Amino acid sequence: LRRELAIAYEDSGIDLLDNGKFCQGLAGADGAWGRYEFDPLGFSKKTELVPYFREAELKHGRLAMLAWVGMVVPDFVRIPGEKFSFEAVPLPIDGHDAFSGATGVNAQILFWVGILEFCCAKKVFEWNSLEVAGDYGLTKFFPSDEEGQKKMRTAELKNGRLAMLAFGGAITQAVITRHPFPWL
Amino acid sequence: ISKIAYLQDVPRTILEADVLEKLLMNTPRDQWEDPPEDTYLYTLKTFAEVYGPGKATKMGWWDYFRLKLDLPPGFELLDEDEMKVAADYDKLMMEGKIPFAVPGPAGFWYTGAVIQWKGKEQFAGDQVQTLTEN
Amino acid sequence: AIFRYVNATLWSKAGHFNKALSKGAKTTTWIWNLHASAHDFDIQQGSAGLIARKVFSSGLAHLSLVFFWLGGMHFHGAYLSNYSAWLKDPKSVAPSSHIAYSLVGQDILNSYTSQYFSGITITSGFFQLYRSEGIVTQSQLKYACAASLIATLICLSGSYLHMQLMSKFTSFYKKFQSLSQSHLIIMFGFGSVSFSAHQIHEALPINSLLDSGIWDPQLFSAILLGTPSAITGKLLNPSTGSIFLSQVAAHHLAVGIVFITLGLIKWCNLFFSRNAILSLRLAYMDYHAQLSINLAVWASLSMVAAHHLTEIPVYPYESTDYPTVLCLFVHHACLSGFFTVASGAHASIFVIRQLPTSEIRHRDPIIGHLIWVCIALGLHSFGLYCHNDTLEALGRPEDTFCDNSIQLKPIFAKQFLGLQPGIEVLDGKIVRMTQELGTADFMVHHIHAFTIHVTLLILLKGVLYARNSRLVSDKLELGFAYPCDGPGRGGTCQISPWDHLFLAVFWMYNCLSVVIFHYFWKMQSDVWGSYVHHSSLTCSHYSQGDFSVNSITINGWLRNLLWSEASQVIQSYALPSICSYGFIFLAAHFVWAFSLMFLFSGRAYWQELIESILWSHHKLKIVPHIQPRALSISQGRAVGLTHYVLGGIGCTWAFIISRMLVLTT
Amino acid sequence: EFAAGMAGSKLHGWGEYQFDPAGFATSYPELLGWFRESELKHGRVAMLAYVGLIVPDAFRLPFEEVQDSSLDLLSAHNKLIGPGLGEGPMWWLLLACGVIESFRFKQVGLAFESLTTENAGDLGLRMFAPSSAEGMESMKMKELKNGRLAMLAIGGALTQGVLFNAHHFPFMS
Amino acid sequence: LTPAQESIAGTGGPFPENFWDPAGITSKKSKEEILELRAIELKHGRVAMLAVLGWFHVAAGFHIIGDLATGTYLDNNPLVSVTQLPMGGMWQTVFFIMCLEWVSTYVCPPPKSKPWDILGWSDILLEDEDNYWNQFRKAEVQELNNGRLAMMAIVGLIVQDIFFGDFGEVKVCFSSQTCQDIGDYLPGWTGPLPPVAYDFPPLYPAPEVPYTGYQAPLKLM
Ligand code: CLA
Ligand code: KC2
Ligand SMILES: CC1=C(C#C/C(C)=C/C=C/C(C)=C/C=C/C=C(C)/C=C/C=C(C)/C=C/[C@@]23O[C@]2(C)C[C@@H](O)CC3(C)C)C(C)(C)C[C@H](O)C1
Ligand SMILES: CC1=C(C#C/C(C)=C/C=C/C(C)=C/C=C/C=C(C)/C=C/C=C(C)/C=C/[C@@]23O[C@]2(C)C[C@@H](O)CC3(C)C)C(C)(C)C[C@H](O)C1
Ligand SMILES: CC1=C(C/C=C(\C)CCC[C@H](C)CCC[C@H](C)CCCC(C)C)C(=O)c2ccccc2C1=O
């Protein structure tokens, strides 16, 4: 089960002994029909960093899940503004260059993201453990069962990885084709 | 070795097995019992006496970071071949033989030759052998 | 990590670091020893971990000091400088980010640099550096100053923190493979690549616009646009007289790539001859060994910088800014000499504190052959000058060594640039001109070699005979810095490596003074100057090409260089620009003469005089309980050396700078 | 001992070349069969790549879509991709190669679970083969040497052909 | 091999351990004859190494003694420069080499066991030292291989010069030769970029109609 972060932080820090499980028993290594322990390069053999690896994986998955939808939506709809109009910016891939620099539109996003990351670094480093890796307490809609929680974590990880690859595919295809959503 | 308590079952996180073997090989055998204060083996002993099985199984992120910073990596310690080469060099010099070298531009080249530096009178500085005179 | 142990209680102890200073302030020798051993972290109370802590934190504190100095330079350029006038018209306006007060008539020091600005002409090339970097606005200079101050604060914080972050277990400073790999790949490779990026993205457009004549804000806020196929260095910017900044950026990109490749092949272990250097790797894992090696490396790099900053022009208008190029060369040559003698010193310290390498076991042949080569070099090189003097005085120029008479042609001094015939000019000045070598160059170069070899002799003797010698066999027990071993065995004065440095500094100063004079006179006579009109120009040089005719004699050096060219500095009192330089000339002469006091006298005379003087104080009940003492022998030597070098350097500094300032304005 | 006793180190010019500077074989023993399969695939692809870089000049396939005389190593792939998806002869080749590859799953299981070091790269073809075990080992070393040479040669040929416009056999400007 | 042949085994062939002798010249020779053959081989190899060094040095120009002696620039072709040199210098060279040979063969003759040991290394050298820092066999084999290569090279250079007047001209490009252009320095070069016949096309298409805040990619041009 998942315990409140206050209780979970009681046993937190860089563990030195190793639970003898694949990746310390973390969720996300499960095939469709059986068990799929994917680690060809043996990165999980650094058991002390395994919690950091899971935190980074979940951060990347969530960020790419947002990024893919943010590459899809703008072409269909835009913010009601003159500088966000299709005439000022034809495709999402143009947004970075359009809003970089003195305009500050992307500078504000960078600033707020940096503030959020500065505030979350304490959990990322100090209070990171096998059970609280990627857990910020936003557990609304989280099932109240062990199997349900495990399945939800697996679904998050799988969708995050799918979007992690899909964002690379979509951004590369969009840069290559200069085309609307279908090629991204 | 088995007789050393702190070297038994050192957790992989504190120090890898291969790096531990290399460190022990590099360090003189007599120092394993109680290494000097300023040595990687001393750091390993001090931290293995406090961390590991049957002891503190967790560490703060910063404490672990500092421990990994101040413990040695594998590539920092000398290799078997390097230690053999250094030992042979020192043995030659102490035996009174000189692996011949000639100074070059801001350095010296090794000609691959071993000469007899000490002459017939070992304590005589006049008799040290050189190709130029001897 | 535990910062509760850093308290100001020890600030008032004044000597806590040294155990030998426990009996605080019984004499003034205690004060002098406190100062002398303040930064000798090895002999101070504590442990090796504490030594490493102090070394690293002090390095960071000095980094912060340098950042503060750079930020001050940027601030002076931004707010107290005529950089705007210089940028619009570099030739007419001399660089000046230096202003003096009007306290006691001191406003006379400020000289006309522009219509609206009066100040002191700077010679550091900072204006040219800013122009190359693309800094063309007060806002840009202000933000550079802010960045420098922020870096100062960061480095200060880092030093303060690392004084406690590093514990006795700390060993990151012993990871030589990691240190070297990181420095080679990131600090050098990535640094050079990033600076090439900076040049390409900021400096190239701005510099191209400035060369064209465009000063438009929108433009200020297409590589290889103007550079032809001509080899870099073979064609200088006609409107700027310097290597194309796009070529410089390509250079930095290539250098960064090469450094990254070297680091990667080292990472992959492609280099194979590890054994040839394994002995040095085992021996020289010491603070003083690394300090000596680094000091020598940076000395050599400083000398190469001194030569290249002038011979190869890369900064805009620095070629025609004659005071700037001269001052840069002289400054970096002096730093080269100082850091070389430093390398000798710390080599000696490493030998004293650690086991030396096996080349010390045949030290007698090494130093003997060095002594012979020094004697032969000095004899031949200087006796050619003496022969020229004597024969010319007797009235037999046909018997002297000169181009018209017997000539010593430098056959080996061969070209490698393969430049086209002619010279490069820019607005009434000779930005670049080939230096033609003859008998004078042969003689002066062999004088250079002689002086370098004698300085090296002193340093090497100090290093090799540091542990023991035929005279005294327990020099290792005596230590590093001791005055002598006694009047015995004939007299053992200055047998220590410290005294060997004390003499090598004199010899380095002599070498560098001769080098400075050679560069100054040769450039004035054969390179710098103006021109008077396929077109052929007659070049009027500042010294009128008298180096090749007069430099062949010591009398020629005394007359045509010192006496003749000291007219500016000697007659600088009335002139607002260089009256300070004349006064500094006089004061440096005074200081140099004052150094001879300590260099010639001895401790006992001054101790006895001090006691006789103290008699009167005791008579009148003025009893100083920190009993006055004469300076120790080593301290007297150090004070004499410092004053001697400072006075000589000040005289040369004022003389050359006054000459250049007057001639160019 | 070395690798997993796989062919590829014996029968060299001087007998026992054991080429593994970066210790991948020791670092990932579990991936040795995968490494051998990948090496054989790359070699057998590079051999055919060189032969199909040469032959097209002499001959062209019967279908009326590759008959253009300007289909060099540079423009061939991009031109033959064609419009849309799943419409070009390049796509026909991709589908054929996939059909061929799918048999390896039958041979070594769905997830290459049965891929061992003694069966890595072995597709069961034993036509025109040495009868003796020593002969079979010698032919495997021939194959490995030819494949490594073909990999290096195809890399060099493609790089040179694109860099200097020499898309035909000399591959030299 | 044979007991006589073993006197030099380990210092020949492509690898040191081989004994290349297709003619079987040394099959019937005695140990003294083998040592004399090795002495001849080493003398020829050293003379050939020095000869190639000097040949390239003079073919690059850099022929100062001859220049000063003749008061004129001698032909770069070494075989022509021989004839251009004064008889004074030629006889001086012959006499100096004769004196060197006389001293080396009569005043300081090498030992009968090591006829090639001109400098008398086998009086302070310890060849049979089991230390790692004892690569004298490596040094010897390097000497022999370089000397053999230099022998072949110098014979080829002389033959080619005599036949086609080609002396293996060197393009040192610094002092005797004034290379004005990048093409001169590196063959086939005509500009800052390498002479590659491939026009690197854009990996991605660009917008035909731009937009405010575009910052189109820069061109190295
Ligand atoms: C002066 C010439 C010379 C001499 C005296 C020797 C002597 C020797 N060599 Mg040989 N060698 C030479 C040149 C010479 N070599 C050259 C240039 C090469 C390079 C191809 C070699 C390569 C070589 C190898 C690889 C080995 C030897 C070995 C030996 C030893 C045993 C074999 C033997 O009987 O050689 C006697 C050789 C001769 C009598 C030379 C005969 C030359 C004939 C007549 C042809 C000459 C024509 C030539 C091409 C010039 C034509 C010019 C014209 C067109 C103008 C022996 C000490 C072996 C050894 O040391 O084993 C331990 C060994 O393994 N040598
Ligand atoms: C550090 C040492 C080293 C270096 C730097 C080096 C460099 C190069 C280069 C690049 C400059 C090339 C292009 C090249 C090529 C080949 N090397 Mg080689 N090689 C080294 C060592 C060995 C050893 C020990 C062996 C070997 C071999 C082969 C074979 C033939 C294989 C065969 O047909 O079996 C080929 C084609 C094996 C052999 O048998 O060579 C006849 C063998 O045993 N190499 N080698
Ligand atoms: C648009 C733009 C910009 C940008 C950008 C950004 C954000 C770019 C992002 C790029 C990104 C995110 C690129 C991901 C690539 C992923 C790859 C290659 C995955 C390969 C995966 C391979 C080869 C294989 C995977 C597997 O084998 C594994 C490991 C195990 C198997 O069981 C399953 C499979 C076979 C699948 C700027 C700079 C911001 C502004 C500028 O103006 C232009
Ligand atoms: C020195 C040394 C060694 C070594 C070595 C080194 C340095 C080896 C380096 C090898 C290297 C660097 C090998 C590159 C290969 C590149 C390839 C295959 C590129 C294919 C590219 C292809 C297939 C591209 C195709 C197309 O783009 C084309 C043409 C047109 C487009 O329309 C369509 C596409 C995109 C499909 C030994 C020998 C290993 C051991 C020895 O001991 C020591
Ligand atoms: C003069 C002299 C002394 C006597 C000098 C002493 C004691 C120095 C006096 C130190 C004073 C008190 C330091 C204070 C600094 C100056 C008074 C500052 C003057 C600044 C002016 C601008 C006013 C020695 O003791 C000595 C020892 C060994 C070799 C040579 C000598 C030597 O030459």
# chains A, B, ... in the order shown; residues from 1 in each chain; ligands from 1
>>> residues_around(residues="range 91-106 of chain A", least_positions_apart="5", cutoff="6 Å", atoms="only C-alpha atoms", output="VMD selection string")
(chain A and resid 71) or (chain E and resid 213 to 214)
>>> write_last_selection(atoms="N, CA and C atoms", output="short mmCIF file (atom, residue, chain, number, x, y, z; two decimals), in the first residue's frame")
data_model
loop_
_atom_site.label_atom_id
_atom_site.label_comp_id
_atom_site.auth_asym_id
_atom_site.auth_seq_id
_atom_site.Cartn_x
_atom_site.Cartn_y
_atom_site.Cartn_z
N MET A 71 2.03 19.93 -28.38
CA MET A 71 2.35 19.99 -29.80
C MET A 71 1.12 19.69 -30.66
N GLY E 213 10.08 36.97 -35.09
CA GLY E 213 10.81 36.15 -34.15
C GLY E 213 11.15 34.79 -34.73
N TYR E 214 11.81 34.77 -35.88
CA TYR E 214 12.17 33.53 -36.56
C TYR E 214 13.60 33.10 -36.26
#
>>> residues_around(residues="range 51-68 of chain B", least_positions_apart="3", cutoff="6 Å", atoms="only C-alpha atoms", output="number ranges by chain")
A: 13-16, 126; B: 11, 47-48, 71
>>> closest_atom_pairs(of="chain E", to="chain C", cutoff="12 Å", atoms="only C-alpha atoms", output="JSON lines")
{"residue": "E:62", "atom": "CA", "partner": "C:412", "partner_atom": "CA", "distance": 10.0}
{"residue": "E:63", "atom": "CA", "partner": "C:411", "partner_atom": "CA", "distance": 11.3}
{"residue": "E:64", "atom": "CA", "partner": "C:411", "partner_atom": "CA", "distance": 8.5}
{"residue": "E:65", "atom": "CA", "partner": "C:411", "partner_atom": "CA", "distance": 11.0}
{"residue": "E:67", "atom": "CA", "partner": "C:411", "partner_atom": "CA", "distance": 11.7}
{"residue": "E:68", "atom": "CA", "partner": "C:411", "partner_atom": "CA", "distance": 10.9}
{"residue": "E:132", "atom": "CA", "partner": "C:275", "partner_atom": "CA", "distance": 10.3}
{"residue": "E:133", "atom": "CA", "partner": "C:275", "partner_atom": "CA", "distance": 9.4}
{"residue": "E:172", "atom": "CA", "partner": "C:416", "partner_atom": "CA", "distance": 10.2}
{"residue": "E:173", "atom": "CA", "partner": "C:416", "partner_atom": "CA", "distance": 7.9}
{"residue": "E:174", "atom": "CA", "partner": "C:416", "partner_atom": "CA", "distance": 4.4}
{"residue": "E:175", "atom": "CA", "partner": "C:415", "partner_atom": "CA", "distance": 5.3}
{"residue": "E:176", "atom": "CA", "partner": "C:414", "partner_atom": "CA", "distance": 8.3}
{"residue": "E:177", "atom": "CA", "partner": "C:418", "partner_atom": "CA", "distance": 8.1}
{"residue": "E:178", "atom": "CA", "partner": "C:418", "partner_atom": "CA", "distance": 4.9}
{"residue": "E:179", "atom": "CA", "partner": "C:418", "partner_atom": "CA", "distance": 6.0}
{"residue": "E:180", "atom": "CA", "partner": "C:418", "partner_atom": "CA", "distance": 6.3}
{"residue": "E:181", "atom": "CA", "partner": "C:231", "partner_atom": "CA", "distance": 6.5}
{"residue": "E:182", "atom": "CA", "partner": "C:231", "partner_atom": "CA", "distance": 6.0}
{"residue": "E:183", "atom": "CA", "partner": "C:229", "partner_atom": "CA", "distance": 9.5}
{"residue": "E:184", "atom": "CA", "partner": "C:231", "partner_atom": "CA", "distance": 10.5}
{"residue": "E:185", "atom": "CA", "partner": "C:231", "partner_atom": "CA", "distance": 9.5}
{"residue": "E:186", "atom": "CA", "partner": "C:231", "partner_atom": "CA", "distance": 11.3}
{"residue": "E:189", "atom": "CA", "partner": "C:229", "partner_atom": "CA", "distance": 9.7}
{"residue": "E:190", "atom": "CA", "partner": "C:229", "partner_atom": "CA", "distance": 6.7}
{"residue": "E:191", "atom": "CA", "partner": "C:229", "partner_atom": "CA", "distance": 4.7}
{"residue": "E:192", "atom": "CA", "partner": "C:229", "partner_atom": "CA", "distance": 6.3}
{"residue": "E:193", "atom": "CA", "partner": "C:229", "partner_atom": "CA", "distance": 9.5}
{"residue": "E:194", "atom": "CA", "partner": "C:229", "partner_atom": "CA", "distance": 11.8}
{"residue": "E:215", "atom": "CA", "partner": "C:201", "partner_atom": "CA", "distance": 11.7}
{"residue": "E:216", "atom": "CA", "partner": "C:222", "partner_atom": "CA", "distance": 10.6}
{"residue": "E:217", "atom": "CA", "partner": "C:222", "partner_atom": "CA", "distance": 9.1}
{"residue": "E:218", "atom": "CA", "partner": "C:222", "partner_atom": "CA", "distance": 5.5}
{"residue": "E:219", "atom": "CA", "partner": "C:222", "partner_atom": "CA", "distance": 5.0}
{"residue": "E:220", "atom": "CA", "partner": "C:223", "partner_atom": "CA", "distance": 5.1}
{"residue": "E:221", "atom": "CA", "partner": "C:224", "partner_atom": "CA", "distance": 6.5}
>>> residues_around(residues="residue 103 in chain B", least_positions_apart="5", cutoff="12 Å", atoms="only C-alpha atoms", output="NGL selection string")
(:B and (108-111)) or (:C and (359 or 366))
>>> closest_residue(among="A:40, A:6, A:17, A:143", to="chain D", atoms="only C-alpha atoms")
A:40
>>> residues_near_ligand(ligand="ligand 4", cutoff="7 Å", atoms="only C-alpha atoms and all ligand atoms", output="ChimeraX atom specification")
/D:73-78,151-152,154-156,158-159,162
>>> residues_around(residues="range 1-11 of chain E", least_positions_apart="6", cutoff="8 Å", atoms="only C-alpha atoms", output="MDAnalysis selection string")
chainID E and resid 17:19 26:27 29:32 34:35 38 137 140:141 144
>>> write_last_selection(atoms="N, CA, C and O atoms", output="PDB file, in the first residue's frame")
ATOM      1  N   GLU E  17      61.075 -12.781 -34.031  1.00  0.00           N
ATOM      2  CA  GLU E  17      61.346 -14.198 -33.825  1.00  0.00           C
ATOM      3  C   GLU E  17      61.540 -14.974 -35.121  1.00  0.00           C
ATOM      4  O   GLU E  17      61.945 -16.140 -35.063  1.00  0.00           O
ATOM      5  N   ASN E  18      61.266 -14.377 -36.277  1.00  0.00           N
ATOM      6  CA  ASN E  18      61.451 -15.084 -37.534  1.00  0.00           C
ATOM      7  C   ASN E  18      62.920 -15.061 -37.951  1.00  0.00           C
ATOM      8  O   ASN E  18      63.748 -14.340 -37.388  1.00  0.00           O
ATOM      9  N   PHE E  19      63.239 -15.876 -38.956  1.00  0.00           N
ATOM     10  CA  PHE E  19      64.565 -15.892 -39.579  1.00  0.00           C
ATOM     11  C   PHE E  19      64.344 -15.916 -41.090  1.00  0.00           C
ATOM     12  O   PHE E  19      64.271 -16.984 -41.703  1.00  0.00           O
ATOM     13  N   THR E  26      72.934 -18.038 -45.022  1.00  0.00           N
ATOM     14  CA  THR E  26      73.515 -18.297 -43.712  1.00  0.00           C
ATOM     15  C   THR E  26      73.365 -19.743 -43.261  1.00  0.00           C
ATOM     16  O   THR E  26      73.767 -20.068 -42.139  1.00  0.00           O
ATOM     17  N   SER E  27      72.799 -20.616 -44.095  1.00  0.00           N
ATOM     18  CA  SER E  27      72.582 -21.994 -43.672  1.00  0.00           C
ATOM     19  C   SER E  27      73.899 -22.698 -43.372  1.00  0.00           C
ATOM     20  O   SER E  27      74.006 -23.436 -42.386  1.00  0.00           O
ATOM     21  N   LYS E  29      76.944 -21.077 -43.043  1.00  0.00           N
ATOM     22  CA  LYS E  29      77.945 -20.189 -42.471  1.00  0.00           C
ATOM     23  C   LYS E  29      78.242 -20.559 -41.022  1.00  0.00           C
ATOM     24  O   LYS E  29      77.434 -21.191 -40.336  1.00  0.00           O
ATOM     25  N   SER E  30      79.422 -20.159 -40.562  1.00  0.00           N
ATOM     26  CA  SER E  30      79.817 -20.327 -39.174  1.00  0.00           C
ATOM     27  C   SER E  30      79.471 -19.073 -38.376  1.00  0.00           C
ATOM     28  O   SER E  30      79.146 -18.021 -38.931  1.00  0.00           O
ATOM     29  N   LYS E  31      79.562 -19.189 -37.050  1.00  0.00           N
ATOM     30  CA  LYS E  31      79.123 -18.100 -36.182  1.00  0.00           C
ATOM     31  C   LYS E  31      79.863 -16.806 -36.495  1.00  0.00           C
ATOM     32  O   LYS E  31      79.263 -15.725 -36.498  1.00  0.00           O
ATOM     33  N   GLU E  32      81.169 -16.891 -36.757  1.00  0.00           N
ATOM     34  CA  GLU E  32      81.925 -15.689 -37.096  1.00  0.00           C
ATOM     35  C   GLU E  32      81.405 -15.065 -38.383  1.00  0.00           C
ATOM     36  O   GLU E  32      81.277 -13.838 -38.483  1.00  0.00           O
ATOM     37  N   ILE E  34      78.359 -15.315 -39.558  1.00  0.00           N
ATOM     38  CA  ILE E  34      77.051 -14.727 -39.279  1.00  0.00           C
ATOM     39  C   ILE E  34      77.212 -13.379 -38.589  1.00  0.00           C
ATOM     40  O   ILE E  34      76.508 -12.413 -38.907  1.00  0.00           O
ATOM     41  N   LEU E  35      78.128 -13.297 -37.624  1.00  0.00           N
ATOM     42  CA  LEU E  35      78.358 -12.026 -36.945  1.00  0.00           C
ATOM     43  C   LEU E  35      78.880 -10.975 -37.915  1.00  0.00           C
ATOM     44  O   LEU E  35      78.492  -9.804 -37.839  1.00  0.00           O
ATOM     45  N   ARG E  38      75.993  -9.740 -39.958  1.00  0.00           N
ATOM     46  CA  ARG E  38      75.186  -8.798 -39.192  1.00  0.00           C
ATOM     47  C   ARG E  38      75.882  -7.449 -39.075  1.00  0.00           C
ATOM     48  O   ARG E  38      75.228  -6.403 -39.118  1.00  0.00           O
ATOM     49  N   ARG E 137      66.526  -5.642 -26.772  1.00  0.00           N
ATOM     50  CA  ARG E 137      66.144  -6.386 -27.967  1.00  0.00           C
ATOM     51  C   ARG E 137      65.187  -5.571 -28.823  1.00  0.00           C
ATOM     52  O   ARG E 137      65.299  -5.557 -30.054  1.00  0.00           O
ATOM     53  N   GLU E 140      67.284  -2.989 -30.592  1.00  0.00           N
ATOM     54  CA  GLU E 140      68.068  -3.583 -31.669  1.00  0.00           C
ATOM     55  C   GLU E 140      67.203  -3.886 -32.883  1.00  0.00           C
ATOM     56  O   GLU E 140      67.602  -3.621 -34.023  1.00  0.00           O
ATOM     57  N   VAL E 141      66.018  -4.458 -32.661  1.00  0.00           N
ATOM     58  CA  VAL E 141      65.159  -4.809 -33.785  1.00  0.00           C
ATOM     59  C   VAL E 141      64.633  -3.552 -34.461  1.00  0.00           C
ATOM     60  O   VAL E 141      64.491  -3.508 -35.688  1.00  0.00           O
ATOM     61  N   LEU E 144      67.453  -2.395 -36.674  1.00  0.00           N
ATOM     62  CA  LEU E 144      67.638  -3.211 -37.868  1.00  0.00           C
ATOM     63  C   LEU E 144      66.520  -2.984 -38.875  1.00  0.00           C
ATOM     64  O   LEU E 144      66.779  -2.863 -40.077  1.00  0.00           O
TER      65      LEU E 144
END
>>> interface_residues(of="chain B", to="chain C", cutoff="9 Å", atoms="only C-alpha atoms", output="number ranges by chain")
B: 37-40, 42-43, 66-67, 69-73, 75-76, 82, 85-86, 89, 93, 109-110, 128
>>> closest_residue(among="A:7, A:184, A:174, A:162", to="chain E", atoms="only C-alpha atoms")
A:174
>>> residues_around(residues="residue 124 in chain D", least_positions_apart="4", cutoff="12 Å", atoms="only C-alpha atoms", output="ChimeraX atom specification")
/D:103-104,106-108,119-120,129
>>> closest_atom_pairs(of="chain C", to="chain D", cutoff="12 Å", atoms="only C-alpha atoms", output="tab-separated table")
residue	atom	partner	partner_atom	distance
C:267	CA	D:22	CA	11.1
C:268	CA	D:22	CA	8.1
C:269	CA	D:21	CA	9.4
C:270	CA	D:21	CA	10.0
>>> atom_distance(atom1="CA of residue 427 in chain C", atom2="CA of residue 122 in chain C")
21.1 Å
>>> interface_residues(of="chain D", to="chain A", cutoff="9 Å", atoms="only C-alpha atoms", output="ChimeraX atom specification")
/D:28,30-31
>>> write_last_selection(atoms="N, CA, C and O atoms", output="PDB file, in the first residue's frame")
ATOM      1  N   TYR D  28      29.054  -7.573 -20.289  1.00  0.00           N
ATOM      2  CA  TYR D  28      27.695  -8.035 -20.563  1.00  0.00           C
ATOM      3  C   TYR D  28      27.743  -9.464 -21.086  1.00  0.00           C
ATOM      4  O   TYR D  28      27.469  -9.720 -22.265  1.00  0.00           O
ATOM      5  N   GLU D  30      25.642 -11.773 -20.541  1.00  0.00           N
ATOM      6  CA  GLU D  30      24.296 -12.186 -20.918  1.00  0.00           C
ATOM      7  C   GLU D  30      23.923 -11.740 -22.326  1.00  0.00           C
ATOM      8  O   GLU D  30      22.974 -12.285 -22.900  1.00  0.00           O
ATOM      9  N   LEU D  31      24.639 -10.770 -22.892  1.00  0.00           N
ATOM     10  CA  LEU D  31      24.341 -10.249 -24.220  1.00  0.00           C
ATOM     11  C   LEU D  31      25.296 -10.762 -25.289  1.00  0.00           C
ATOM     12  O   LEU D  31      25.327 -10.200 -26.384  1.00  0.00           O
TER      13      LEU D  31
END
>>> closest_atom_pairs(of="chain B", to="chain E", cutoff="12 Å", atoms="only C-alpha atoms", output="CSV")
residue,atom,partner,partner_atom,distance
B:81,CA,E:132,CA,10.2
B:82,CA,E:132,CA,11.0
B:83,CA,E:132,CA,11.6
B:84,CA,E:132,CA,8.4
B:85,CA,E:132,CA,6.6
B:86,CA,E:132,CA,9.6
B:87,CA,E:132,CA,9.6
B:88,CA,E:131,CA,6.1
B:89,CA,E:133,CA,7.0
B:90,CA,E:131,CA,10.6
B:91,CA,E:131,CA,8.7
B:92,CA,E:131,CA,7.5
B:93,CA,E:133,CA,10.9
B:95,CA,E:131,CA,11.3
B:96,CA,E:126,CA,11.9
B:97,CA,E:126,CA,8.8
B:98,CA,E:133,CA,9.2
B:99,CA,E:133,CA,6.1
B:100,CA,E:133,CA,9.0
B:101,CA,E:133,CA,10.8
B:110,CA,E:133,CA,8.9
B:111,CA,E:139,CA,7.1
B:112,CA,E:135,CA,4.4
B:113,CA,E:136,CA,5.1
B:114,CA,E:126,CA,5.6
B:115,CA,E:125,CA,4.5
B:116,CA,E:124,CA,5.5
B:117,CA,E:124,CA,7.9
B:118,CA,E:124,CA,9.7
B:119,CA,E:124,CA,9.3
B:120,CA,E:124,CA,11.5
B:127,CA,E:124,CA,11.9
B:128,CA,E:124,CA,10.2
B:129,CA,E:124,CA,6.7
B:130,CA,E:124,CA,7.3
B:131,CA,E:121,CA,6.8
B:132,CA,E:119,CA,9.0
B:133,CA,E:124,CA,10.5
B:134,CA,E:124,CA,7.3
>>> closest_residue(among="A:22, A:121, A:86, A:60", to="chain B", atoms="only C-alpha atoms")
A:121
>>> residues_near_ligand(ligand="ligand 5", cutoff="12 Å", atoms="only C-alpha atoms and all ligand atoms", output="MDAnalysis selection string")
chainID C and resid 27:29 31:32 483 587 590:591 593:611 613 627:641 643
>>> residues_around(residues="residue 88 in chain A", least_positions_apart="3", cutoff="8 Å", atoms="only C-alpha atoms", output="ChimeraX atom specification")
/A:82-85 /E:211-212
>>> residues_around(residues="residue 54 in chain A", least_positions_apart="3", cutoff="9 Å", atoms="only C-alpha atoms", output="NGL selection string")
:A and (26 or 49-51 or 57-59 or 130 or 133-134)
>>> atom_distance(atom1="CA of residue 254 in chain C", atom2="CA of residue 186 in chain C")
14.6 Å
>>> select_by_dssp(residues="range 4-51 of chain D", states="alpha helix (DSSP H)", output="list in words")
residues 24, 25, 26, 27, 32, 33, 34, 35, 36, 37, 38, 39, 40, 41, 42, 43, 44, 45, 46, 47, 48, 49, 50 and 51 of chain D
